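Containing PDB, C-alpha atoms and all ligand atoms: model_19.pdb.
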```pdb
ATOM      1  CA  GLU A  87      23.197 -43.634 112.521  1.00  0.00           C
ATOM      2  CA  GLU A  88      20.542 -43.109 109.867  1.00  0.00           C
ATOM      3  CA  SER A  89      20.421 -46.880 109.245  1.00  0.00           C
ATOM      4  CA  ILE A  90      19.268 -50.183 110.813  1.00  0.00           C
ATOM      5  CA  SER A  91      19.505 -53.888 109.827  1.00  0.00           C
ATOM      6  CA  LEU A  92      17.275 -56.952 109.923  1.00  0.00           C
ATOM      7  CA  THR A  93      19.595 -59.958 110.118  1.00  0.00           C
ATOM      8  CA  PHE A  94      18.229 -63.379 109.062  1.00  0.00           C
ATOM      9  CA  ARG A  95      20.140 -66.104 111.006  1.00  0.00           C
ATOM     10  CA  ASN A  96      18.265 -68.986 109.307  1.00  0.00           C
ATOM     11  CA  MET A  97      15.848 -69.613 106.480  1.00  0.00           C
ATOM     12  CA  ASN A  98      12.908 -69.751 108.856  1.00  0.00           C
ATOM     13  CA  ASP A  99      13.404 -66.047 109.552  1.00  0.00           C
ATOM     14  CA  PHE A 100      12.047 -65.307 105.998  1.00  0.00           C
ATOM     15  CA  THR A 101       8.562 -66.633 106.970  1.00  0.00           C
ATOM     16  CA  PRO A 102       5.873 -63.937 106.272  1.00  0.00           C
ATOM     17  CA  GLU A 103       4.703 -64.079 109.975  1.00  0.00           C
ATOM     18  CA  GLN A 104       8.323 -63.371 111.096  1.00  0.00           C
ATOM     19  CA  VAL A 105       8.877 -60.557 108.523  1.00  0.00           C
ATOM     20  CA  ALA A 106       5.508 -58.952 109.587  1.00  0.00           C
ATOM     21  CA  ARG A 107       6.649 -58.763 113.255  1.00  0.00           C
ATOM     22  CA  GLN A 108      10.250 -57.735 112.503  1.00  0.00           C
ATOM     23  CA  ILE A 109       9.644 -54.906 109.902  1.00  0.00           C
ATOM     24  CA  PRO A 110       7.367 -52.633 112.134  1.00  0.00           C
ATOM     25  CA  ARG A 111       9.640 -53.289 115.167  1.00  0.00           C
ATOM     26  CA  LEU A 112      12.787 -52.145 113.298  1.00  0.00           C
ATOM     27  CA  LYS A 113      10.909 -49.187 111.779  1.00  0.00           C
ATOM     28  CA  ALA A 114       9.796 -48.045 115.291  1.00  0.00           C
ATOM     29  CA  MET A 115      13.401 -48.515 116.621  1.00  0.00           C
ATOM     30  CA  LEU A 116      14.942 -46.424 113.783  1.00  0.00           C
ATOM     31  CA  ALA A 117      12.233 -43.696 114.062  1.00  0.00           C
ATOM     32  CA  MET A 118      12.767 -43.646 117.860  1.00  0.00           C
ATOM     33  CA  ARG A 119      16.590 -43.401 117.471  1.00  0.00           C
ATOM     34  CA  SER A 120      16.179 -40.400 115.078  1.00  0.00           C
ATOM     35  CA  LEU A 121      13.638 -38.701 117.347  1.00  0.00           C
ATOM     36  CA  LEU A 122      15.864 -39.098 120.480  1.00  0.00           C
ATOM     37  CA  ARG A 123      18.871 -37.745 118.519  1.00  0.00           C
ATOM     38  CA  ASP A 124      16.722 -34.732 117.407  1.00  0.00           C
ATOM     39  CA  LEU A 125      15.653 -34.108 121.026  1.00  0.00           C
ATOM     40  CA  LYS A 126      19.221 -34.538 122.438  1.00  0.00           C
ATOM     41  CA  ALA A 127      20.683 -32.198 119.745  1.00  0.00           C
ATOM     42  CA  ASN A 128      17.869 -29.693 120.638  1.00  0.00           C
ATOM     43  CA  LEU A 129      16.499 -29.753 117.031  1.00  0.00           C
ATOM     44  CA  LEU A 130      12.875 -29.940 118.227  1.00  0.00           C
ATOM     45  CA  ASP A 131      10.990 -28.755 121.311  1.00  0.00           C
ATOM     46  CA  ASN A 132       9.242 -31.011 123.902  1.00  0.00           C
ATOM     47  CA  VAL A 133       5.729 -30.513 122.409  1.00  0.00           C
ATOM     48  CA  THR A 134       6.871 -31.766 118.915  1.00  0.00           C
ATOM     49  CA  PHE A 135       8.892 -34.599 120.540  1.00  0.00           C
ATOM     50  CA  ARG A 136       5.772 -35.877 122.464  1.00  0.00           C
ATOM     51  CA  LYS A 137       3.549 -35.579 119.322  1.00  0.00           C
ATOM     52  CA  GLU A 138       6.065 -37.582 117.226  1.00  0.00           C
ATOM     53  CA  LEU A 139       6.564 -40.114 119.964  1.00  0.00           C
ATOM     54  CA  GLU A 140       2.922 -40.963 120.084  1.00  0.00           C
ATOM     55  CA  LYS A 141       2.895 -41.419 116.296  1.00  0.00           C
ATOM     56  CA  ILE A 142       5.795 -43.853 116.432  1.00  0.00           C
ATOM     57  CA  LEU A 143       4.267 -45.941 119.231  1.00  0.00           C
ATOM     58  CA  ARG A 144       0.763 -45.913 117.750  1.00  0.00           C
ATOM     59  CA  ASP A 145       1.744 -48.728 115.227  1.00  0.00           C
ATOM     60  CA  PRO A 146      -0.689 -51.590 116.065  1.00  0.00           C
ATOM     61  CA  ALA A 147       1.796 -54.248 114.818  1.00  0.00           C
ATOM     62  CA  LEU A 148       4.169 -53.408 117.761  1.00  0.00           C
ATOM     63  CA  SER A 149       4.248 -55.461 120.935  1.00  0.00           C
ATOM     64  CA  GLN A 150       3.461 -53.584 124.191  1.00  0.00           C
ATOM     65  CA  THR A 151       6.778 -55.029 125.545  1.00  0.00           C
ATOM     66  CA  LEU A 152       8.656 -53.216 122.742  1.00  0.00           C
ATOM     67  CA  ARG A 153       6.640 -49.955 123.292  1.00  0.00           C
ATOM     68  CA  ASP A 154       7.705 -50.068 127.023  1.00  0.00           C
ATOM     69  CA  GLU A 155      11.435 -50.531 126.133  1.00  0.00           C
ATOM     70  CA  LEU A 156      11.091 -47.612 123.636  1.00  0.00           C
ATOM     71  CA  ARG A 157       9.374 -45.310 126.231  1.00  0.00           C
ATOM     72  CA  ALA A 158      12.114 -46.274 128.793  1.00  0.00           C
ATOM     73  CA  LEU A 159      14.679 -44.545 126.519  1.00  0.00           C
ATOM     74  CA  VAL A 160      12.892 -41.161 126.858  1.00  0.00           C
ATOM     75  CA  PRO A 161      14.789 -38.669 129.151  1.00  0.00           C
ATOM     76  CA  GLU A 162      12.620 -37.677 132.173  1.00  0.00           C
ATOM     77  CA  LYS A 163      12.648 -33.950 131.214  1.00  0.00           C
ATOM     78  CA  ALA A 164      10.967 -34.706 127.842  1.00  0.00           C
ATOM     79  CA  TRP A 165       7.754 -35.981 129.534  1.00  0.00           C
TER      80      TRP A 165
HETATM   81 CL    CL A 201      12.902 -56.461 122.458  1.00  0.00          CL
HETATM   82 ZN    ZN A 202      13.761 -56.692 125.118  1.00  0.00          ZN
END
```
Could the structure of this file be written out as structure tokens, please?
Ligand SMILES: [Cl-]
Ligand SMILES: [Zn+2]
Amino acid sequence: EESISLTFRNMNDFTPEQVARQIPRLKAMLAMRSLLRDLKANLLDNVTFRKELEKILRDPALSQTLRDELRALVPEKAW
């Protein structure tokens, strides 16, 4: 799926501090999903995969907890 959704379950979710955490997180998740699909469909080699991965996870607005969950999705043979 080429798409992702930010769901607001209350009005307090629209707070600029909440939007600023949620937008880069969802962007990293969608970029990661596309990159893993590219790798699994053999559309890019391991060297390109690792270069793109580092770009995705470089976003300073991401939590290290999220980066860890994203890196845990990488198949062992792509390292
Ligand atoms: Cl999470
Ligand atoms: Zn989690």
**Message:** Taking all atoms listed in the file into account, name the residue in A:92, A:143, A:158, A:152 that is nearest to ligand CL 201 (chain A).
**Reply:**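 Answer, going by the shortest atom-to-atom distance: A:152.
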**Request:** Kindly resolve the PyMOL selection byres (((chain A and resi 118) around 10) and not hetatm) on the present coordinates and return the residues as number ranges by chain.
**Result:** A: 112-117, 119-124, 138-139, 142-143, 156-157, 159-160
Grab the residues selected above and save them as a short mmCIF file (atom, residue, chain, number, x, y, z; two decimals), keeping the file's coordinate frame with C-alpha atoms.
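again_4.cif, freshly written:
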```
data_model
loop_
_atom_site.label_atom_id
_atom_site.label_comp_id
_atom_site.auth_asym_id
_atom_site.auth_seq_id
_atom_site.Cartn_x
_atom_site.Cartn_y
_atom_site.Cartn_z
CA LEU A 112 12.79 -52.14 113.30
CA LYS A 113 10.91 -49.19 111.78
CA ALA A 114 9.80 -48.04 115.29
CA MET A 115 13.40 -48.52 116.62
CA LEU A 116 14.94 -46.42 113.78
CA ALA A 117 12.23 -43.70 114.06
CA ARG A 119 16.59 -43.40 117.47
CA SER A 120 16.18 -40.40 115.08
CA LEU A 121 13.64 -38.70 117.35
CA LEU A 122 15.86 -39.10 120.48
CA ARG A 123 18.87 -37.74 118.52
CA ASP A 124 16.72 -34.73 117.41
CA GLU A 138 6.06 -37.58 117.23
CA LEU A 139 6.56 -40.11 119.96
CA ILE A 142 5.80 -43.85 116.43
CA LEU A 143 4.27 -45.94 119.23
CA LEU A 156 11.09 -47.61 123.64
CA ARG A 157 9.37 -45.31 126.23
CA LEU A 159 14.68 -44.54 126.52
CA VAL A 160 12.89 -41.16 126.86
#
```
**Message:** Applying the PyMOL selection byres (((chain A and resi 147) around 7) and not hetatm) to the file I just gave you, which residues come out? Please list them as a VMD selection string.
**Reply:** chain A and resid 107 110 145 to 146 148 to 149
**Request:** Can you work out which one of A:140, A:93, A:88, A:130 has the shortest atom-to-atom distance to residue 105 in chain A, counting all atoms listed in the file?
**Result:**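 Closest to residue 105 in chain A of all the choices is A:93.
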**Request:** In Å, rounded to a single decimal, give me how far CA of residue 162 in chain A is from CA of residue 135 in chain A.
**Result:**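 Atom-to-atom, CA of residue 135 in chain A to CA of residue 162 in chain A, that is 12.6 Å.
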**Fill in**
CA of residue 89 in chain A to CA of residue 154 in chain A measures 22.1 Å
**Prompt:** So what do you get for CA of residue 125 in chain A versus CA of residue 109 in chain A, distance-wise?
**Reply:**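 That distance, rounded to one decimal, is 24.3 Å.
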**Request:** Rank A:95, A:163, A:111, A:126 by their smallest atom-to-atom distance to ligand ZN 202 (chain A), using all atoms listed in the file, and report the top residue only.
**Result:** A:111
**Distance criterion (all atoms listed in the file): nearest to ligand CL 201 (chain A) out of A:98, A:128, A:134, A:108** = A:108
**Request:** Pick out the closest residue to ligand CL 201 (chain A) from this set: A:90, A:136, A:101, A:153. Count all atoms listed in the file.
**Result:** A:153
**Asked** So which one's closest to ligand ZN 202 (chain A), A:137, A:164, A:87, A:151? Using only C-alpha atoms and all ligand atoms, please.
**Response**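 Nearest to ligand ZN 202 (chain A): A:151.
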Using the structure just given, write a file holding C-alpha atoms for range 138-150 of chain A, as a PDB file, in the first residue's frame.
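Listed below is the output, part22.pdb:
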```
ATOM      1  CA  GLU A 138      18.170   4.437   1.564  1.00  0.00           C
ATOM      2  CA  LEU A 139      17.642   2.922   4.967  1.00  0.00           C
ATOM      3  CA  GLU A 140      20.126   5.216   6.569  1.00  0.00           C
ATOM      4  CA  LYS A 141      18.429   8.213   4.927  1.00  0.00           C
ATOM      5  CA  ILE A 142      15.041   7.222   6.306  1.00  0.00           C
ATOM      6  CA  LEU A 143      16.336   6.690   9.852  1.00  0.00           C
ATOM      7  CA  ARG A 144      18.502   9.818   9.854  1.00  0.00           C
ATOM      8  CA  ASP A 145      15.379  12.050  10.573  1.00  0.00           C
ATOM      9  CA  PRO A 146      16.232  13.761  13.913  1.00  0.00           C
ATOM     10  CA  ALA A 147      12.514  14.117  14.834  1.00  0.00           C
ATOM     11  CA  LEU A 148      12.230  10.269  15.167  1.00  0.00           C
ATOM     12  CA  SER A 149      12.434   8.515  18.510  1.00  0.00           C
ATOM     13  CA  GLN A 150      15.242   5.926  18.901  1.00  0.00           C
TER      14      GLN A 150
END
```
